[PDB]
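For reference, protein-v2.pdb (PDB, C-alpha atoms):
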ATOM      1  CA  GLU A   1     105.289  92.565 104.841  1.00  0.00           C
ATOM      2  CA  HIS A   2     101.735  93.839 105.315  1.00  0.00           C
ATOM      3  CA  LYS A   3     100.292  97.178 106.443  1.00  0.00           C
ATOM      4  CA  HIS A   4     101.989  99.975 104.494  1.00  0.00           C
ATOM      5  CA  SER A   5     101.810 101.923 107.767  1.00  0.00           C
ATOM      6  CA  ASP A   6     100.705 104.883 105.628  1.00  0.00           C
ATOM      7  CA  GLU A   7     103.217 106.559 103.311  1.00  0.00           C
ATOM      8  CA  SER A   8     102.335 106.837  99.627  1.00  0.00           C
ATOM      9  CA  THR A   9      98.732 105.789 100.254  1.00  0.00           C
ATOM     10  CA  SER A  10      99.121 103.741  97.072  1.00  0.00           C
ATOM     11  CA  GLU A  11     102.146 101.557  97.837  1.00  0.00           C
ATOM     12  CA  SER A  12     103.466 101.265  94.293  1.00  0.00           C
ATOM     13  CA  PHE A  13     100.353 100.829  92.143  1.00  0.00           C
ATOM     14  CA  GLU A  14      96.846 102.259  91.889  1.00  0.00           C
ATOM     15  CA  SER A  15      95.402 102.459  88.372  1.00  0.00           C
ATOM     16  CA  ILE A  16      93.427 105.707  88.273  1.00  0.00           C
ATOM     17  CA  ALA A  17      93.051 106.035  84.514  1.00  0.00           C
ATOM     18  CA  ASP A  18      94.643 105.042  81.199  1.00  0.00           C
ATOM     19  CA  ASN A  19      96.849 108.106  80.814  1.00  0.00           C
ATOM     20  CA  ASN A  20      98.004 108.669  84.380  1.00  0.00           C
ATOM     21  CA  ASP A  21      98.736 105.208  85.753  1.00  0.00           C
ATOM     22  CA  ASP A  22     100.782 104.751  82.600  1.00  0.00           C
ATOM     23  CA  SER A  23     103.184 107.446  83.808  1.00  0.00           C
ATOM     24  CA  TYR A  24     103.210 107.714  87.614  1.00  0.00           C
ATOM     25  CA  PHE A  25     103.010 104.064  88.696  1.00  0.00           C
ATOM     26  CA  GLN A  26     104.095 102.386  85.457  1.00  0.00           C
ATOM     27  CA  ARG A  27     107.269 104.373  84.760  1.00  0.00           C
ATOM     28  CA  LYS A  28     108.455 101.653  82.369  1.00  0.00           C
ATOM     29  CA  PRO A  29     108.197  98.374  84.373  1.00  0.00           C
ATOM     30  CA  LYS A  30     110.609  96.749  81.916  1.00  0.00           C
ATOM     31  CA  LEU A  31     114.345  97.196  81.371  1.00  0.00           C
ATOM     32  CA  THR A  32     116.380  98.770  78.568  1.00  0.00           C
ATOM     33  CA  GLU A  33     116.736  96.325  75.673  1.00  0.00           C
ATOM     34  CA  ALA A  34     116.932  98.251  72.395  1.00  0.00           C
ATOM     35  CA  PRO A  35     117.345  95.378  69.873  1.00  0.00           C
TER      36      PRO A  35
END

Taking this structure as input, can you express it in the form of structure tokens?
Amino acid sequence: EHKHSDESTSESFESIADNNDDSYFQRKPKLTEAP
């Protein structure tokens, strides 16, 4: 639950900028729709 016990040192999110976070942590948070 708590304490990541050290691993990625960022869990699964850690906005660093507006060009990086939108590629390493984001990685398309949505699914494939294609209407």

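With atom CA of residue 20 of chain A on one side and atom CA of residue 8 of chain A on the other, the separation reads 16.0 Å.
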
Just the number, please: distance in Å from atom CA of residue 25 of chain A to atom CA of residue 13 of chain A, one decimal.
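If I compute the distance from atom CA of residue 25 of chain A to atom CA of residue 13 of chain A, I get 5.4 Å.
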
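Evaluated on this file, the PyMOL selection byres ((chain A and resi 26-32) around 12) matches residues 12, 13, 14, 15, 16, 17, 18, 19, 20, 21, 22, 23, 24, 25, 33, 34 and 35 of chain A.
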
Could I see segment 21-34 of chain A restored to N, CA and C atoms, set down as an mmCIF file, in the frame of the given file?
data_model
loop_
_atom_site.group_PDB
_atom_site.id
_atom_site.type_symbol
_atom_site.label_atom_id
_atom_site.label_comp_id
_atom_site.auth_asym_id
_atom_site.auth_seq_id
_atom_site.Cartn_x
_atom_site.Cartn_y
_atom_site.Cartn_z
ATOM 1 N N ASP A 21 98.100 106.399 85.210
ATOM 2 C CA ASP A 21 98.736 105.208 85.753
ATOM 3 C C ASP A 21 99.897 104.796 84.863
ATOM 4 N N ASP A 22 99.757 105.080 83.574
ATOM 5 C CA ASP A 22 100.782 104.751 82.600
ATOM 6 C C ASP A 22 101.864 105.825 82.565
ATOM 7 N N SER A 23 102.171 106.401 83.729
ATOM 8 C CA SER A 23 103.184 107.446 83.808
ATOM 9 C C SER A 23 103.703 107.638 85.233
ATOM 10 N N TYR A 24 102.817 107.521 86.221
ATOM 11 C CA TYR A 24 103.210 107.714 87.614
ATOM 12 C C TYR A 24 103.572 106.397 88.302
ATOM 13 N N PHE A 25 102.768 105.363 88.078
ATOM 14 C CA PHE A 25 103.010 104.064 88.696
ATOM 15 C C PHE A 25 103.765 103.136 87.746
ATOM 16 N N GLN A 26 103.446 103.222 86.460
ATOM 17 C CA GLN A 26 104.095 102.386 85.457
ATOM 18 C C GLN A 26 105.584 102.710 85.365
ATOM 19 N N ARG A 27 105.890 103.921 84.904
ATOM 20 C CA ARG A 27 107.269 104.373 84.760
ATOM 21 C C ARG A 27 108.161 103.285 84.161
ATOM 22 N N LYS A 28 107.709 102.708 83.053
ATOM 23 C CA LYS A 28 108.455 101.653 82.369
ATOM 24 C C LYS A 28 108.832 100.519 83.323
ATOM 25 N N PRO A 29 107.948 99.514 83.484
ATOM 26 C CA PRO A 29 108.197 98.374 84.373
ATOM 27 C C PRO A 29 109.262 97.428 83.825
ATOM 28 N N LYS A 30 109.608 97.599 82.552
ATOM 29 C CA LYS A 30 110.609 96.749 81.916
ATOM 30 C C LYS A 30 111.992 97.389 81.968
ATOM 31 N N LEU A 31 112.975 96.700 81.397
ATOM 32 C CA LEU A 31 114.345 97.196 81.371
ATOM 33 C C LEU A 31 114.682 97.771 79.999
ATOM 34 N N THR A 32 115.929 98.201 79.833
ATOM 35 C CA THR A 32 116.380 98.770 78.568
ATOM 36 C C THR A 32 116.988 97.697 77.670
ATOM 37 N N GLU A 33 116.268 97.341 76.610
ATOM 38 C CA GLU A 33 116.736 96.325 75.673
ATOM 39 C C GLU A 33 117.339 96.962 74.426
ATOM 40 N N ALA A 34 116.490 97.603 73.624
ATOM 41 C CA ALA A 34 116.932 98.251 72.395
ATOM 42 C C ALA A 34 117.609 97.249 71.461
#
